[PDB]
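K.L.:
quick one, what's the 3D model for this:
(one chain, ligands or ions: 3)
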Amino acid sequence: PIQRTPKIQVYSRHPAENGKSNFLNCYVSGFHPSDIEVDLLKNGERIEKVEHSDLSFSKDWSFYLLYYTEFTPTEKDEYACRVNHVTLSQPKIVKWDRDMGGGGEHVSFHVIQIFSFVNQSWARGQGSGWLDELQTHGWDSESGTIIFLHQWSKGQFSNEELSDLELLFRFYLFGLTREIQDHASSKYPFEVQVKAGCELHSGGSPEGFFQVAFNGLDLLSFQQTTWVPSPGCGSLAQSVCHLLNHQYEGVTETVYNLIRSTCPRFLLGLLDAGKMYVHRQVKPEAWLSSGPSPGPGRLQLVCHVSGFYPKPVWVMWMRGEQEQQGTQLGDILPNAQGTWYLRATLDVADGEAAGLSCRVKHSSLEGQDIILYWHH
Ligand SMILES: CCCCCCC[C@H](C)CCC[C@H](C)CCC[C@H](C)CCC[C@H](C)CCC[C@H](C)CCCOP(=O)(O)O[C@@H]1O[C@H](CO)[C@@H](O)[C@H](O)[C@@H]1O
Ligand SMILES: *[C@@H]1O[C@H](CO)[C@@H](O)[C@H](O)[C@H]1NC(C)=O
Ligand SMILES: CCCCCCCCCCCC
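P.N.:
Residues are numbered from 1 along each chain as shown. Ligands and ions are numbered 1, 2, ... in the order given. This is the structure:
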């Protein structure tokens with residue numbers, strides 16, 4: 001409790017051309033609880049070499065996962081994303097289909113924790129590090145060590161400082177668990193989610209946060225130096241804010257230092273070390289495919305823009321210079337190696353399809369847009 005149903009999006013990283021090698025992405029988001037089963041399928045079989053990000057969540061507090069794998073489109077073969085969840089009567093299988101598109105400021109650094117307590121002596125725990133929507137760290141649960149995903153993931157910190165963080169985290173975890181095992185007594189499962197870290201805004205002003213959700217609900221947050229419960233009431237929230245407020249501070253002194261000070265300095269180190277490796281402005285490539293039929297005598301035009309970085313992008317359906325108002329822009333989804341994916345669709349009558357084109361705007365293009373024309 002309580003329950004959210006997974007949303008599933010499947011998309012390739014390149015145009016689909018039979019025999020030619022490609023990447024199958026599956027993005028699974030909007031779900032609660034965290035317990036889930038995602039497989040990429042080839043011809044009904046589970047593909048055993050896949051990549052997945054660790055479990056993360058949205059501001060909603062609902063979870064999302066990215067999945068991907070190498071694949072080769074063929075006339076013959078068949079690919080899917082199969083998801084099982086407590087909100088699903090049956091595992092949803094959503095095929096990837098060329099012809100349907102395969103249906104379904106500031107920088108930030110945050111540390112993510114998910115704790116799953118089935119009871120007192122049984123509990124999963126997982127945590128990771130995120131630089132904006134790019135995962136940069138993992139946590140080795142069994143040894144209490146940090147997994148550095150990229151060559152630049154130490155991000156201009158020394159080994160000696162990163163050791164201290166590891167140790168720090170270890171104690172802290174011991175803390176949460178003992179603390180959470182007490183508060184003990186028709187039941188019995190619950191979930192806890194912590195999002196701790198910092199935004200850095202243009203001009204250099206940082207903004208820490210350390211916020212908790214209980215069973216997918218806002219529980220409490222750290223707000224410019226005061227732990228603050230979310231409206232309930234709301235007594236677990238007030239009680240725990242109370243413990244953290246006044247039983248122990250010095251932990252909040254630590255936390256304050258961590259999120260206002262350590263965090264942004266780490267974050268900027270990440271940015272500095274990352275620039276070296278990856279990546280400059282990257283041009284998207286684009287392609288057309290139909291999408292699912294909107295009905296008899298009607299077509300769905302899909303326009304895919306993939307592999308562009310940075311994120312800011314403009315995509316629209318056109319007749320000439322006229323924007324077509326029906327255009328629906330999907331969400332901008334992440335690709336395997338960190339670039340972006342977006343698709344725009346348009347539903348149109350059979351005979352009015354000819355002459356419509358997809359226009360794509362991006363920084364990397366030097367003002368020379370990508371134009372693609374629908375043909376029959
Ligand atoms: C499974 C989940 C694992 C998740 C970890 C994944 C992390 C991933 C992979 C790695 C990225 C690494 C990067 C470089 C980190 C940059 C800095 C980040 C932005 C700040 C992070 C914020 C934390 C999250 C807040 C934690 C609370 C701390 C630690 C203060 C509490 C003090 O315990 P203590 O006062 O010493 O207190 C101790 O513990 C208890 C009380 O706490 C008590 O019992 C004891 O008295 C004891 O003293
Ligand atoms: C915890 O759940 C597990 C798994 O179902 C079970 O074996 C165990 O007895 C449960 N409770 C406690 C208090 O150990
Ligand atoms: C180990 C004690 C320090 C923990 C600091 C964060 C506490 C967040 C509240 C969690 C309630 C479920």
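K.L.:
mind checking which helix or strand the one residue in the chain that gets nearest to ligand 1 is in?
P.N.:
Proximity of the chain to ligand 1 (C-beta to the nearest ligand atom) peaks at residue 127, 2.1 Å away. Heads up, the C-betas are built off the backbone N, CA and C, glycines and all. Here residue 127, judged by DSSP states H and E, is contained in strand 123-131.
K.L.:
so what strands line up beside that strand?
P.N.:
strand 106-117 (antiparallel), strand 134-140 (antiparallel) (DSSP bridges).
K.L.:
list the buried residues of the shortest one.
P.N.:
For strand 134-140, burial by neighbour count (16 or more other C-beta atoms under 10 Å) applies to 135, 136, 137, 138, 139.
K.L.:
how about the residues of the chain by ligand 1?
P.N.:
109, 111, 113, 125-129, 137-139, 141, 146, 165, 168-169, 171-175, 196-197, 251, 254-255, 258, 262-263, 266 (C-beta under 6 Å from any ligand atom).
K.L.:
again, 5 Å this time
P.N.:
Within the chain, the residues that sit near ligand 1 (C-beta under 5 Å from any ligand atom) are 111, 113, 125, 127, 129, 137, 139, 146, 168, 171-172, 175, 196-197, 251, 254, 258, 262-263, 266.
K.L.:
of those residues, list those near ligand 3.
P.N.:
Restricting those to those near ligand 3 - C-beta under 5 Å from any ligand atom - leaves 175, 251.
K.L.:
for ligand 3, what's its nearest residue on the stretch 1-150 of the chain.
P.N.:
For the stretch 1-150 of the chain, C-beta to the nearest ligand atom, closest residue to ligand 3: residue 115, 7.8 Å.
K.L.:
which ones are touching that residue?
P.N.:
The contact partners of residue 115, taken as C-beta atoms under 8 Å, 6 or more residues apart in numbering, are 123, 124, 125, 176, 180, 191, 192, 193, 194.
K.L.:
and it, how far from residue 101?
P.N.:
For residue 115, the distance to residue 101 equals 37 Å [C-beta to C-beta, to the nearest Å].
K.L.:
in this structure residue 357 contacts residue 318, no?
P.N.:
Yes - using C-beta atoms under 8 Å, residue 357 is in contact with residue 318, at 5.0 Å.
K.L.:
roughly how far apart are the closest residue to residue 98 other than its chain neighbours and residue 94?
P.N.:
Once flanking residues are discounted, residue 98 sits nearest to residue 16: 4.1 Å by C-beta to C-beta, 6 or more residues apart in numbering. The spacing between residue 16 and residue 94, counted by C-beta to C-beta, is 16 Å.
K.L.:
quick check: buried residues in the helix or strand containing residue 240?
P.N.:
Assignment of secondary structure by DSSP H and E places residue 240 within helix 235-242. Using 16+ other C-beta under 10 Å as the test for burial, helix 235-242 gives 237, 238, 240, 241.
K.L.:
only C-alpha atoms, please: export it in PDB.
P.N.:
Extracted as PDB, the C-alpha positions of helix 235-242 are listed here (Å, rounded to 0.1, in the frame of the first residue of the first chain):
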ATOM      1  CA  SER A 235       2.400  11.700  14.000                       C
ATOM      2  CA  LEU A 236       5.100   9.300  12.700                       C
ATOM      3  CA  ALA A 237       6.300  12.300  10.700                       C
ATOM      4  CA  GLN A 238       6.200  14.800  13.600                       C
ATOM      5  CA  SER A 239       7.700  12.200  16.000                       C
ATOM      6  CA  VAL A 240      10.600  11.400  13.700                       C
ATOM      7  CA  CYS A 241      11.200  15.100  12.900                       C
ATOM      8  CA  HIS A 242      11.200  15.500  16.700                       C
END
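K.L.:
how far is that helix from where the chain is centred?
P.N.:
30 Å (C-alpha atoms, centre = their mean, to the nearest Å).
K.L.:
one more: stretch 171-182?
P.N.:
27 Å.
K.L.:
show me what counts as buried in it.
P.N.:
173, 180.
K.L.:
that stretch near ligand 2 at all?
P.N.:
No - contact of stretch 171-182 with ligand 2 (C-beta under 5 Å from any ligand atom) is absent, the minimum separation being 10.2 Å.
K.L.:
list of residues touching stretch 262-275?
P.N.:
Contacts for stretch 262-275 (C-beta under 8 Å, 6+ apart): 107-109, 131, 136, 150, 152-157, 165, 197-198, 200, 206, 208.
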